[PDB]
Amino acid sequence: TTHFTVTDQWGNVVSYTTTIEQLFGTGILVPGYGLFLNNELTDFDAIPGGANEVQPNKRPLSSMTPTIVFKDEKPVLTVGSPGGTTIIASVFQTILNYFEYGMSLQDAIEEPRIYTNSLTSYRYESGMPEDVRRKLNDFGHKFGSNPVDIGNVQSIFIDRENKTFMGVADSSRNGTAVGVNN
């Protein structure tokens, strides 16, 4: 996955998450055509019977979460991220940090994220303090000895009172924000 976003002068807003699944998808390059083929169908459950079972012509469940936030029915913030099932964690934590904590957009994006889908799967980004990780673990959690980067949020703020767009690219990849004047 990668996530990008674009705002224009006419007030159109784009928030676009797109992927080939694993890095390089399957790894299969189409001979003589240079393009990588997705392994998107392993987003299906491997064991059938459930909501996300494989079926012909079916779409494998995604976790992609391209989002636009609105105030008084006008768009004010685009959010999205890569990272598989962590994407939910990256987007809600950004939104939590921006709106519940009132951080600046960059602070909201750069704040260490956690992820845990189950009692047997935990991740955290560097910057969780050591003492707090220990106390979480003593309480029953399973945060490991090694931090990992989680997600890669690109986001645009639409500032109407200052008549301006602000874009931010997460430091987890070499993304950039580039603004345009007339």
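Residue numbers run from 1 along the displayed sequence.
Exercise. Which is higher in the entry, the mean Cα B factor of 101-109 or that of 68-76?
Worked result: Per the deposited B-factors, the answer is 68-76.
Problem set entry | Stretch with the greater mean C-alpha B-factor as recorded in the entry, comparing 45-53 against 115-123 | Looking at the recorded C-alpha B-factors, 45-53 comes out higher on average.
For this session: Among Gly151, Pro60, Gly27, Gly140, single out the one with the highest C-alpha B factor in the record, please.
Result: Reading the PDB entry, the winner on C-alpha B-factor is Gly27.
For this session: Sorting the chain's modelled residues by C-alpha B-factor, tell me whether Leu37 ends up in the lowest, middle or highest third.
Result: It belongs to the highest third of the chain when residues are ordered by C-alpha B-factor.
For this session: Would you please rank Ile20 by its C-alpha temperature factor against the other modelled residues of its chain and give the third it falls in: lowest, middle or highest?
Result: According to the entry, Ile20 has a C-alpha B-factor in the chain's middle third.
Exercise. Which third, lowest, middle or highest, does the CA B-factor of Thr7 fall in along this chain?
Worked result: Its C-alpha B-factor, which the entry lists for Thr7, ranks in the highest third among residues of this chain.
For this session: Sorting the chain's modelled residues by C-alpha B-factor, tell me whether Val168 ends up in the lowest, middle or highest third.
Result: Ranked within chain, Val168 CA B lands in the lowest tercile.
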